[PDB]
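# Architecture and fold: a report
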There are 4 protein chains.
Amino acid sequence: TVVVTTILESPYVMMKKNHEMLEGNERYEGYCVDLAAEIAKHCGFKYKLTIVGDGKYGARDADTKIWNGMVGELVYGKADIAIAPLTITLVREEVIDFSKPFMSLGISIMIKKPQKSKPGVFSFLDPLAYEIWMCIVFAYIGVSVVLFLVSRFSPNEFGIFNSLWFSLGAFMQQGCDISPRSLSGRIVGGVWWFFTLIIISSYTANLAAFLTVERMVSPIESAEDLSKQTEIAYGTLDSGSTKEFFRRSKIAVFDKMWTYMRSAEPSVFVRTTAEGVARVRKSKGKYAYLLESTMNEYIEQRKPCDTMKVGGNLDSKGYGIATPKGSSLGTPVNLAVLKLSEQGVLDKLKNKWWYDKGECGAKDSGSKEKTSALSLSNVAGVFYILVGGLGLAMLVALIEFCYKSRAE
Amino acid sequence: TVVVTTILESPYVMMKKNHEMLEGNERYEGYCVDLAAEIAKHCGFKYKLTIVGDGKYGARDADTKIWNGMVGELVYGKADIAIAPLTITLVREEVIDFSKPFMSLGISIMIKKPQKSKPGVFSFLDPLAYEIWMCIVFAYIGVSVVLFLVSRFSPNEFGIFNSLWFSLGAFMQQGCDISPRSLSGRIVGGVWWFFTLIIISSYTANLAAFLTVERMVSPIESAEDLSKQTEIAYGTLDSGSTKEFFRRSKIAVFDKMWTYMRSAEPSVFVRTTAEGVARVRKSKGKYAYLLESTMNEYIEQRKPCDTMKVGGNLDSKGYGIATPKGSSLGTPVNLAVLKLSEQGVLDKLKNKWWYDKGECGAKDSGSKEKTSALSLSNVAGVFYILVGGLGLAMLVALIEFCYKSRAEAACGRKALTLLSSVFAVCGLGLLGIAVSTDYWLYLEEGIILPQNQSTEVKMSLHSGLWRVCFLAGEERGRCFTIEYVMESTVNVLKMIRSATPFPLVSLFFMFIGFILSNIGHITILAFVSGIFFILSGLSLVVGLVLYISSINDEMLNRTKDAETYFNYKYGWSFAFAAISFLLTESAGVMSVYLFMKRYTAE
Amino acid sequence: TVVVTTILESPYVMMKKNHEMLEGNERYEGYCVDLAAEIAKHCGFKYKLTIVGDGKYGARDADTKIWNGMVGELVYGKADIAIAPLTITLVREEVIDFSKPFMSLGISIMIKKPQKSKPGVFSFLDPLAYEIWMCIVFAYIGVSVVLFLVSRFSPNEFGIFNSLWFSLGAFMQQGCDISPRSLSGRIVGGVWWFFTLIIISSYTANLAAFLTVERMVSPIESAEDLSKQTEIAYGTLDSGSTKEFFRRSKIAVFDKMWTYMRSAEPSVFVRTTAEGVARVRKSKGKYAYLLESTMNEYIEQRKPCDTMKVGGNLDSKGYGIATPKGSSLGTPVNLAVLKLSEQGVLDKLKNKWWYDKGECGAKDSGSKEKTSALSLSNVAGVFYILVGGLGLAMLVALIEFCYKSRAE
Amino acid sequence: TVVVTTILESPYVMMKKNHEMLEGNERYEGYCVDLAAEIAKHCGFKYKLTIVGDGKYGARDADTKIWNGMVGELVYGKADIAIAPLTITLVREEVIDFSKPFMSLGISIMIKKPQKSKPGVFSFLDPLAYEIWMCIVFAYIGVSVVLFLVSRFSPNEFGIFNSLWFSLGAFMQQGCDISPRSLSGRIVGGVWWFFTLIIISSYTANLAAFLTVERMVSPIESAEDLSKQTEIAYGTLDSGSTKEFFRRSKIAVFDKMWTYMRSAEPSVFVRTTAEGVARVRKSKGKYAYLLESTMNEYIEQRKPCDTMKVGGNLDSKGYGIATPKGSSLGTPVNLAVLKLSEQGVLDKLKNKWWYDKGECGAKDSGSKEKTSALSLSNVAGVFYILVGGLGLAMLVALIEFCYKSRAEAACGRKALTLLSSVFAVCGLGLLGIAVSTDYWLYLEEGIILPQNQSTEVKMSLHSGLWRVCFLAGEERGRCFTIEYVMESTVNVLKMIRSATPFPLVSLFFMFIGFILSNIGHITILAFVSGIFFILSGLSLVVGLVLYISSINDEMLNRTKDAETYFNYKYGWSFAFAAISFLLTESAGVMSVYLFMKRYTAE
Ligand SMILES: N[C@@H](CCC(=O)O)C(=O)O
Ligand SMILES: N[C@@H](CCC(=O)O)C(=O)O
C-alpha cells in the first residue's frame, strides 16, 4: 500500500544484531518504528519501511535543485509517507506538506564531558588569592621593619638583615635562636605568631576542601560564551537544517557564528552524525558539534558518558511527518496525528523510549570516585622554585667572593 | 479603525514619561507597539489601541469557561486584533487563530541571584566558640602564674615576664627561649604542651569543617533538584499557560510539581508578574518563580541585577498574533509575519529592545570566576589585630623612652604594697557582689513568626545560681528558688545546682588570704596568702568551666524545633567573676613580689 | 441499612478541622474511609459510619467475658459491618468472622530518633584507639631508654631525667635546646621525629572526619538487642493483640520480654496510641513503644520526625473486616474483598494514602545541617587534665621542699 | 501409606552421614522431617517420603501452565501431602489447599558481609605518591650538598654532617640547633622552609581526603538504595514466589526492580539456592540475592560467617502444609496445626533447629562496635620503621665503640682520594649505560575481562627517550624512532621529547668534571670540578621531575574506560640515573674534602 521513507538514527530507527538472522518487520526498532506502527494503525494502512539507499537527510541542491536524501524520495513520488526525524522549515514546507511536530526541540551544543583538568605548575597556591599572598609579603616586610625600629631605640643583635630571618621562620613554623627581650618587641613577635597560626591552618583547611570536594568546569555554555571563545571549532551537519539556518543567520551572535562557520578548517561540516559523536570524543577541547537536542540528550544517556549538553535550545523546531503536496493520506495522517497528541502517545512512548536505553546521571557522580595519591604534577612547581632557589643561591655565593676579594 | 488590546508588560508595553500629557496611541511604548505599527505599515491601516480590563492573559475554568483575560476580550468581539506576548497552545488554537510564531521561548526559572553575602570581620574565630577563647586566655594567665610560683620558690631565670612569654610561644608552637630545669616546672611545662596540642588541631579540623560543607552546598538549578526540595517554594503566574502546562503534563517530575503547587499553602499562584517578581525579592531565595524565558531575560537586563536564570527551557512554545475564528485581515498578517521575518524586521526590533538595556553593566560577566579560595574579607580581622598590635607596640616604645630616661636621673615599694592589698579588696568586693545577685545569666524561650513578622517570646527570665526571678513568664515576679519546681528550663535549673561549691570554695580562700595579708602588715603571712589567692582562682576556673559547659549541655539538649527560637547570654555577675579573677591572680604574684622583697629584708 | 463500627486513628480514620462546620459524610477522611466507600460500593450497600462511643479496640474481659471496644458493637449485634484496623487473632475469629487481610503487617518497635549524643569528658581521644595511645606510651619510654643507653657508651647532658624531656617536646611539636651530637643518637631522634609527624597528622585528619561526616547511633535494633538491653522500658497497648500475643509468649526471647513486661513500672501498658507517641517523645532513651508496623511507618512520615522504626516485624498479622458469625453480608463482603484484592485497590489507595501526608526522608538528611563551633563540652576534659596536672604540679613542689630540707 | 514430597533444603531437609548405609524415611533429616512425624504421631498414620524430581518449588508460564515443581507433583496426584517451606499465595490458593501458616517470614536481602579487609603495612604513605617520596629524598640530599658548598667556601660550624642534620630538623618542623649566619645560607635555608611548609600540609589534607570519603561511603541496605545502584547486581531464585512477588507489584520501587531484573544480562535468575548462595560468594559483594528470611537466617548461622542480612522484610507470607483440592486428611491436619501451635511443639522445634547452629560463634556479637578511629594495622609500619631505626642505631653504637678505640691506639687521605675519583667513574659509567638503552620505562595498554577471566593486553612495549622498541604491539620488532609516528601513547611519546636536554646537560658536566679531577692529579682543578658534579645533579633532578611529571600528565590524560586497564613502570635505566646521581653528589663534596685538604697543603 504505502511506502515509508526514513533513515536509521538512534534512538529513532535502530537495527538490532540479528537483522540478517530474522527480519519479519523487526529489522529496525525504536520510538520512530513503533510511532510509525501507531500512525499506520490509526490511519489503517500497512507499511513497507524502506530506508533510503543514499542514506541522507537531504535538501535540494544549490544551483542544481535536486532533492537529495529523503526529500528525493518524498518529492519525486517513489515514497509516499515519511515517519522520519526531519526538520520542518520554510523551503521544506514550500514543496511538500508536513504534519504537527512530534516534539519541541532545537539546536543544542554537544561538548566533551571533561575529566580531571591538568593543574598548572603554580597550582599549589590555588587555595589563596593573589591579593592574600601579596598582603603576606607587605606584612612580612612591615613587621621586620617595625622590629628594626623597635630594636633601634632600646638597648643589639636585631639588625635589618637579622629581623628578616626571625620573622621568616615564624611564618615558616620554624623556631629561631634569638628571641626579643623587650616588652615592645615581644608584642610584635606575638601578634606575628598569632598571625601565621591562622594562615597555615587556613591554607591546610582550604586545600583539603579542594581535594575532598571537586567542582566540574564548563568553559563554554549558553551560546554567548561560544560567541567570545574562538578556540573551539563549531560543527554542524550539512545538507540539512543546521547548514541553512545558520546560513540564514540574522542575529548578530549568529552572524559571528556563520562568519566563523564559513571561515573554519577543516570541519566546516561533517557528513555523519555518528562521526560528529566520534569527532568530539577525539577533539578534547578544540572542537564542538551542534545538533538536535534530543539526539544530544540521548547520546548522553547512552553510556560512554563522555558527552555533555550545555546551554539550551538555540531555536524552536519540530519533527513532522513529511507528506507530498496534496497528499492522498495527509489529512488522514493529520487527524491521526491529532489522535496521538490528544492523549499523548507522542508523550507516553517518548516517556518510555527515552528512559529505556539505560541512564547516565547521578549514579556515577556519587560513589564512582576515590581520591588518589597526589601526583608529582600537583607539587611539581615547588621543586622548580626549590631548584630555582638553589640556582639563585650559588649565584649569590659567587658575588659574595667578588666583594670579599675587594678588601685589597 | 481596528481594536488592538495589550497587557502592560515590559518591554512589550511600557508607560511614558509624558504619562498624562501625551495623547492616543503614542501614550504607550514598547516592542509590540512598534510591531503593531509594522503590521500597520505593511498592510496600510490605522489601528486603535486598547488595554485589557482584566490584567491577565487567559483563564479557563470548570465552568461556562468564558475566558478571563485577553482571550474572552477577543472572543466576545471586544477586540479585533490581539498583539501580545501570548502563548500558542492547543487549547487556544481551537478557539482563536494564531499566525506563525515570531518569537521562540521556553519555561524558565527565575530565582534570587545567590549573591556575595556578608562575611565576618572576625570570621576566623568562628570554628571555636567565644566561651573557649575566653577560657584559653584564662588558662594562659593561671599557668603562667602557677609556673612563676613553682619557679620562684624560697631557696633561675623564669621571671613573671618570662613565664608569660614562655607560655605564649609554647601555645603558638613557635619554640621557646629556654626550658624549665626543675621537675615541677617540667610538670607544668608538659601539661601546657598537651593542652595546646589538642586545641590547635581542634581549630584546624573545624575550620576545614566549615569549608567542606560549604563546597558540599550545591546550588539547585536543574528543576529536578527544585522538585525534590521543599525548602525552596516555587509558584507560577495564574491564568496563563505555564499554569496550564504543568496541569496536563506526562513528565513525572512535572507531575510532582503540579501536585506540590496544588497542595501548597499559601497560594503560590500570583496575579501579576511584578508581584511574582516581588515575592522572589522578599523571600531572599526562599521562593522561586516559573515564567517564560524572554521576560526572565529582560528582568535580568534591568538593574537591580539580583535575578538570574537557572536550568534550561522546559518546552518550546511561541508568541503569535492572535485573531478570532473568521478574521479576514489575519491572513495578510500571515503574509506580513513571513515577510518581516524574511526581512528580519522582527530580528531588527527583537535585537533592539533587548540589547538596549545594558544598564545592569553585565554583572554576570565579571562575577562568575567563583573559586573556593579565600578572600581578604574572610581573613580581614587578622591584619587588623596585627597592625593594631603594632600601634600598641609603637605606643609602648614611646612610653618606655620617657619612663626609662626619667628613672635614670623604696619609693616604689610602699606604693605597690598599697596597690597589692587594695587589689585583693576589689577582688573580694567583686566576688561579693556577683554571688548575691540573680543576674549571672540570661534565658529566653520563644517562637518565631514566619513571614516578615516579629518574634513572640513565650517565656523569659533572668536568674542566678541561688534564686530565679522571672521577667515575662506569666509576667510573674516570683523570686522563685530552684528547690521549688517551676520543662527544659526546669532541667537547666537543676544542673545549675551541680556548679555550686567551687564559687563557695573561692570566697573562703580570699577572705583568709586578705585577712592574712593585713596580719602580714601587722612574711609567711603574706607568702601563703598569695597561694590562697591562687587556689581560689583555680576553683574559679573549675567553677567557670562547670558553669559554662553545663549550660552548653542543656543548650543542645533542647529539642530543636524550627519555630522555637532561642537566645541566651551571660550576666554582669558573670563578668564580675572574671574581673575579680584577674586581680587575685595578679596580687597573688604581688605577694610573691613583696615576700621576696621582705625575704631580702629577712 | 448497615452499621459501620470503627475507630478514629491516623491515617485510617481522621477528623478534619471543620467537622463541626460541615458534616455530610465527610466528618472523617482517610484510607479506611474510602476503602469503606469501596467495599460498600462493591457490595452495593450504603453506610452509617458510627465510631464507638467508648472508643477502644477492645476484647472480652478477663474472668468477666464482656467484649469491650469495637468487639462489643460487633458481637452484641448493635453494629454489623466493621471496616476497622483490627487484628485477626484466634479468639477474635472464634466468636465472629473476619475477611482477608488488608495488608501484611506485624509488631514494630518505635523509638525516639536520637539527636547529637552528648560526648564524654574524655571524648577528645576518640580518633585513636586505646591500643594506639598505649603503644605511644611504651614508644615514648623505649626511645628515651635507648637514648639513655646510646648516650651512656659515648662521650654528657643526656641523663635519664633529661632524655624524657627531649622526646616529649618532639612528640608535642616543640623544639628543645639540647640536640644529640652523635651519629647513633641522631638516628634515634630522627626516626622519633618521623614518628610523631605521621601521628599528629593522623590525629588531625581523623578528627576532621568525625566533624565533617556524622554517623547516627541506633543502640537497640532487631529485637535481640532489646532482649539484652534492660534499661529501655517496653510499651504496648492493652485491651488488644499486643497484650495477649505477648501474654501468649512461647519463644524464649518473648518469655524474657513478658517476664519483664509484667515486671515493669509504671507503664506496663498505656491506654492511648497517641499517648504512646507522646510518651516516647518524652522518654528520651528510657522507654520504647511497640505497636503496629504501618502506624509506626506513618507517624514517622508525619513530620515531627523525632521517631524511628528499628528492626522489623516481630509477627505476621493482617487487618480483616470483622463480621458477626453467620453474617448477612459476610460472603458478599468476602467476594468484594476479592474484588479489591484482584486489581489492588487495597494496593493502589495504599500507594496513594501512605505517600499523601508528606514525607520525612532523605530531604532533611542532606542539607539541613551546619557544623557548629566546637562546644566547651567537646574539649572540657582537656581542662580537667590541665588543672589536674596543675593540681599535681603543686604537690611535687611541696615534696621537693621536704627532701631539700633533709640536707641537714 | 501417604506420599510426602520434599525439596533438599537446609535445615528443613538434610542429608545423612550414613548417606547410603541408611534405609527408608530415616535416610534424611531435618525440621520438616520431624514435623512430618508430628503430623504422623498426632493423626496416627505412617507416611512414605519422596523427593521432587525437579528440584524446584513451583513454576507457572504463559502456557498450559502445568506446574514445574512441587505443585504439579501434587497436582497430578503424584504426591499426597506436601511438607515443605512453601509460600502461601493467592495463585497457589486457588489450585491447592493450605493449612494455617506455621511460620512467619519475609523477603530478605542476602549480601556478602562487608568484611574487615586488608590494610596496608605501608598505608601511611598512600596520600602521597612514591614518585614524590623519592623526590623528597633527592631534594633532601642536594639541598644539604648545596648548603655545604655555600657554607664551606674558600675563606662556620655547618659541616656536611651538620647540613644533613639541619635540613632534617627543618623538614620535620622540630626546630634546629643553629641558623645560617651568611646571606646565601639564609637564602637556601628560607627556600627549604617554604618547601617543607607545603608538603606537610599537602600530606595532611590528602590524609583527611582518604578518611572523609571513607565515612561518606554509605553501606546500601534499605533496598531503595539497592534499587538505584547498578553497581550491585540483584537477582532471585527462579520458579518460586519471590519471582512472582515482584512480577505483580504496585510498589514503584518494586516495579523498577522487576524491570531491572527483567532487562538484566546475564540471567540473574538462579535455579538453586545454593548457587544463589555461591554467586554472592564469587562476586565479593558485586551481586546480591533476594530470598526468605528464614533461609537467610539459617545460612547466617552456618560458619563461613560471611553472609548477613540488610534492610527489612518486604512482606509477610507464611509456610503451610499443602494439600490438593479434595484432601480428606488435610482437615485433621488443620486440627494438628492448631493444637501443636497451642502446645508450642512447632515453637519447640522451630527453636531447636535454629539455636543449635551457634557454630558461627556469634561473629556479629563481637564485631559491630565499628568506629572510624584508626587501628594499629593502619599505622603498623611506622612502629616498624621506628624499631627498625633503633636496631640500626644500636648497630652503629657497636661499630662506633670498636672503631674509635682502634684509632686512638695521611693513611686515610690517599685511599679516599682513590675512593672519590672512582666514585665519579661509576657515576659517569651508570649515566653512560642509562642513556643508550631503550629500557627507561614501561608501558602497557589492555582491556580487562569481567567474570573471573584473565586480562587481555592489547598493546605493550618497553621504551627509552631515543628509540621505541615494541614488545606485543602487533608482535613487531621495530626499534621505531619517535619522529616516525606510531593514539594516547602517541601523545606520550611526543611529550618525552620535551625532557631531552637536561640529561644531555648532565653528561657534559661530569665528563668535564671527571677529566678535571684527573688534571688535578696531574687544586682549583679539583675545586670547580666538584661544582660541575653538583650542577650536573641539579640538571638531573630537573631532568627527573620533567621526566616523571610529564608521564603523570599523560597518565590521567588517558580517557578512563572501565574495561581499559593500565599499567606503567619505570625501567632499570631510570634506576641507573638515580644511582649515578648520588655518587656525583657525594664525590662532589669529596672534592671539597680534598680541596680544603689541599688548601691546607697550599
Ligand atoms: N505568555 C504567557 C504568560 C503567562 C504564562 O507564562 O503562563 C501566556 O500568555 O499564557
Ligand atoms: N518458599 C518459597 C521459595 C522460593 C522463593 O522464595 O521464591 C517458595 O516456595 O515459593
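Here every chain is numbered from 1 following its written sequence, which may not line up with the entry's numbers; residues without coordinates are dropped from view. To read the labels, note that chains go from A and ligands from 1, taken in the order they are written. The basis for every side-chain value is the complete set of heavy atoms in the structure, and neither hydrogens nor water enter the calculation.

Structure determination for this entry is recorded as cryo-EM, at 4.4 Å resolution.

### Some details on the pairing of strand 6 (residues 107-112) of chain D
Residues and elements named next belong to chain D. Note the following rule: Buried means the residue's accessible area, taken with a 1.4 Å probe over protein chains only, is under 20% of the maximum for its type, while exposed means over 50%, and partly exposed covers the values in between. Strands here mean DSSP runs of E at least two residues long; helices mean DSSP runs of H or I at least four residues long; both are numbered from the N terminus. Here, strands pair whenever DSSP counts at least two bridges between them.
Most of strand 6 is tucked away, with six of its six residues classed as buried. Of the strand pairs in this sheet, strand 6 and strand 8 (residues 287-292) are connected by four bridges, and their pairing is antiparallel. Paired with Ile-107 across the strands is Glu-292, a residue of strand 8. Pairing analysis gives four bridges linking strand 6 to strand 9 (residues 307-310), with the strands arranged antiparallel. Paired with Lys-112 across the bridge in strand 9 is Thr-307.

### A short note on the packing of helix 6 (residues 183-212) of chain A against helix 5 (residues 160-171) of chain B
Definition in use: Interaxial angles span 0 to 180 degrees and are taken between N-to-C directions of axes, which are lines fitted to C-alpha atoms, for helices over the stretch in contact. The labels follow the angle: roughly parallel below 35 degrees, roughly antiparallel above 145, roughly perpendicular from 65 to 115, and oblique for the rest. Here is the rule for handedness: rotate from the far helix to the near one, and if that takes an anticlockwise turn smaller than a right angle the crossing is left-handed, while a clockwise turn gives right-handed. Two residues qualify as a contact provided that any one of their heavy atoms is within 4.5 Å of a heavy atom in the partner residue. Under the scheme applied here, ten amino acids are nonpolar (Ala, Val, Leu, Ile, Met, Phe, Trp, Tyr, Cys and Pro), four are charged (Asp, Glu, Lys and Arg), and all others, including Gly, are polar.
It is the contact of helix 6 of chain A with helix 5 of chain B, at a shortest axis distance of 11 Å, that shows an interaxial angle of 15°. The angle between helix 6 of chain A and helix 5 of chain B falls in the class roughly parallel. Two packed elements cross with a definite hand, and for helix 6 of chain A against helix 5 of chain B that hand is left-handed. Contacts from A:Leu183, A:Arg186, A:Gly190 and A:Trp193 of helix 6 of chain A reach helix 5 of chain B at B:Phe161, B:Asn162, B:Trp165, B:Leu168 and B:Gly169. Along the lines of polarity and charge, the residues of the contact of helix 6 of chain A with helix 5 of chain B split into five nonpolar, three polar and one charged.

### Details of the UniProt feature "intramembrane region" in chain B
The condition is simple: UniProt positions are given in the numbering used here, feature names are shortened, and annotations may be inferred rather than shown by experiment.
Using the residue numbers shown here, the UniProt feature "intramembrane region" corresponds to residues 158-173 and 174-176 of chain B. In this annotation, residues 158-173 of chain B is assigned 75% helix and 0% strand; the end-to-end C-alpha distance for the span is 19 Å.

### Notes on the pattern of salt bridges
This is how it is decided: Counted as salt bridges are all cases of a side-chain nitrogen of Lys or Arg within 4 Å of a carboxyl oxygen of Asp or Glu.
The full count for this structure, using the stated rule, is 44 salt bridges over all chains. Between B:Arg247 and B:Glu244 there is a salt bridge, and its shortest N-O distance comes to 3.5 Å. Within this pair, B:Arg247 and its partner B:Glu244 are both found in helix 8 (residues 242-247), separated by three residues, close to a single helical turn. The partly exposed category is assigned to B:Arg247, whose relative accessible area is 44%. Note that C:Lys228 is salt-bridged to C:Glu224, the shortest N-O span being 3.5 Å. In this structure C:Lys228 comes out as exposed when scored by relative accessible area, which is 53%. Accessibility expressed as a relative area gives 48% for C:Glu224, which makes it partly exposed.

### As for the interface of chain D and chain A
To keep it simple, the criterion reads: Buried area is understood as the total, over both parts, of accessible area removed when two parts are fitted together, assessed with a 1.4 Å probe. Polar contacts here mean pairs of N or O atoms no more than 3.5 Å apart (in protein, one a potential hydrogen donor and the other a potential acceptor; neighbouring residues in sequence count only if both atoms are side-chain atoms).
In this complex, chain D contributes 61 residues to the contact, which on the side of chain A involves 47 residues. Buried area between chain D and chain A, summed over both chains or domains, comes out near 5200 Å², and the portion from carbon and sulfur atoms is 75%. For the chain D face of the interface with chain A, the top three residues by lost area are D:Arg186, D:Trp193 and D:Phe194, together amounting to 13%. Scanning the region where chain D abuts chain A turns up zero salt bridges. Between chain D and chain A we count eight residue pairs in polar contact in total. At the level of elements, helix 4 (130-151), helix 5 (160-171), helix 6 (183-216) and helix 18 (524-557) of chain D are the ones that each hand at least two residues to the side of chain D that touches chain A. By residue number, the principal contributor to the side of chain D that touches chain A is helix 6 of chain D, which donates 24 residues.

### A closer look at the site of ligand 1
All names here are of chain B. Under the convention used in this document: A single heavy atom is enough: if one lies within 4 Å of a molecule or strand, its residue is considered near that molecule or strand. Using a 1.4 Å probe, the Shrake-Rupley method yields the accessible areas, and only the shown protein chains count as cover for residues.
Taken together, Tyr-57, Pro-85, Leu-86, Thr-87, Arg-92, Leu-237, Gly-240, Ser-241, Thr-242 and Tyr-319 are the residues near ligand 1. Taking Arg-92, its side chain carries an N or O atom lying 3.2 Å from an oxygen atom of ligand 1. Protein chains shield 97% of the accessible area of ligand 1, which is 290 Å² for the free molecule. When its residues are assigned to classes, the shell around ligand 1 shows five nonpolar, four polar and one charged.

### Things to note about the pairing of strand 2 (residues 47-51) of chain B
Residues and elements named next belong to chain B. Note the cut-off: Consider the strands pointing away from the viewer: the crossover is right-handed when the path from the first strand over the helix to the second runs clockwise.
Looking at chain direction, strand 1 (residues 2-6) and strand 2 are connected through five bridges and run parallel. Each residue of the ladder has a partner; that of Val-3, found in strand 2, is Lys-48. Handedness of the β-α-β unit built from strand 1, helix 1 (residues 31-43) and strand 2 comes out right-handed.

### Some remarks on the UniProt feature "binding site: L-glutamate" in chain A
Residue and element names in this part refer to chain A. This chain's UniProt record puts "binding site: L-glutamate" on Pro-85, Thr-87, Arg-92, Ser-241, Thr-242 and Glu-292. Position of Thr-87 relative to the elements: it lies in the loop between helix 2 (71-75) and helix 3 (90-95). Residue classification places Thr-87 among the buried residues on the basis of a relative accessible area of 5%. Secondary-structure assignment places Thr-242 in helix 8 (residues 241-247). Assessed through its relative accessible area of 6%, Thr-242 is described here as buried. Those residues in contact with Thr-242, other than ones at most four positions away along the chain, are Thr-236, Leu-237 and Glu-292. Side-chain polar atoms of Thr-242 contact the backbone oxygen of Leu-237, separated by 2.7 Å.

### Focus: the UniProt feature "disulfide bond" in chain B
What counts, and what does not: Here, two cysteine sulfur atoms that lie within 2.5 Å of each other are counted as a disulfide.
Of the disulfides catalogued by UniProt, the one between B:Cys305 and B:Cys360 is formed in the present coordinates, where the sulfur separation is 2.0 Å. Taken together, the positions of B:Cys305 in the loop between helix 11 (293-301) and strand 9 (307-310) and B:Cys360 in the loop between helix 13 (345-355) and helix 14 (380-408) put the pair 55 residues apart, joining distant regions of the chain.

### Some remarks on the interface of chain B and chain A
Contacts between the two partners involve 47 residues from chain B, matched on the other side by 54 residues from chain A. Interface of chain B and chain A: buried area, both sides summed, is about 5000 Å²; carbon and sulfur atoms make up 67% of it. The three residues of chain B that bury the most area against chain A are B:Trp165, B:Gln174 and B:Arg215, which together make up 16% of that side's buried surface. Summed over the shared surface of chain B and chain A, the number is one salt bridge. Here B:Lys368 ties to A:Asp225 by a salt bridge, and the two come within 3.8 Å at their closest N and O atoms. At the junction of chain B and chain A, the tally comes to eleven residue pairs in polar contact.

### Let's talk about the state of the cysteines
In a disulfide, the sulfur atoms of two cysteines are covalently bonded to one another. This model, assessed by the stated rule, comprises six disulfides over all chains. Each disulfide pairs two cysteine sulfurs, and for B:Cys305 the partner residue is B:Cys360, the sulfurs being separated by 2.0 Å. Across the disulfide, B:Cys469 is cross-linked to B:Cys479 (sulfur-sulfur distance 2.0 Å). Every disulfide takes its handedness from the sign of the S-S torsion; for B:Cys469 and B:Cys479 that torsion is 115°, giving right-handed. You can see B:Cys469 sitting in strand 14 (residues 467-470) and its partner B:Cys479 sitting in strand 15 (residues 479-481), a full ten residues away along the chain. Since its relative accessible area comes to 7%, B:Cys469 is described here as buried. Along chain B, the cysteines engaged in disulfide bonds are linked according to the scheme 1-2, 3-4 when indexed in sequence order. C:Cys43 supplies the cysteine sulfur nearest to C:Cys32, a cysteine that is in no disulfide, at a spacing of 14 Å. The thiol of D:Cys402 is not disulfide-bonded; the next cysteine sulfur, from D:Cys411, is found 18 Å away.

### Quick look at the UniProt feature "transmembrane region" in chain A
Residue and element names in this part refer to chain A. Mapped onto the present numbering, the UniProt feature "transmembrane region" falls at residues 130-150, 183-203 and 379-399. Here residues 183-203 is 100% helix and 0% strand, with 31 Å between the C-alpha atoms at its ends. Counted over residues 379-399, helix gives 95% and strand 0%. Its end C-alpha atoms are 31 Å apart.

### Here we look at the site of ligand 2
All names here are of chain D. Near ligand 2 the following residues occur: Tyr-57, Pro-85, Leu-86, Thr-87, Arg-92, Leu-237, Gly-240, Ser-241, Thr-242 and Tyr-319. One of the backbone nitrogen or oxygen atoms of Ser-241 is found 2.5 Å away from an oxygen atom of ligand 2. The fraction of the free accessible surface of ligand 2 (290 Å²) that becomes covered by protein chains is 98%. When grouped by side-chain class, the residues that make up the shell around ligand 2 number five nonpolar, four polar and one charged.

### A word on the environment of D:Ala205
Inspection of the secondary structure assignment puts D:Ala205 in helix 6. Using a relative accessible area of 2% as the deciding quantity, one classes D:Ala205 as buried. With near-sequence residues (within four places) excluded, D:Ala205 lies in contact with A:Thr204, A:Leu207, A:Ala208 and A:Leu211.

### Some points on the side chain of D:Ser239
All names here are of chain D. Position of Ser-239 among the secondary structure elements: in the loop between strand 7 (233-236) and helix 8 (242-247). On the accessibility criterion, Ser-239 (9% relative accessible area) is buried. Here the side chain of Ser-239 touches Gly-58 through a polar contact of 3.0 Å, landing on its backbone oxygen. At a separation of 3.4 Å, a polar atom in the side chain of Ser-239 contacts the main-chain amide nitrogen of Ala-59. Excluding residues within four positions of it along the chain, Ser-239 makes contact with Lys-56, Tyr-57, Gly-58, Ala-59 and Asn-68.

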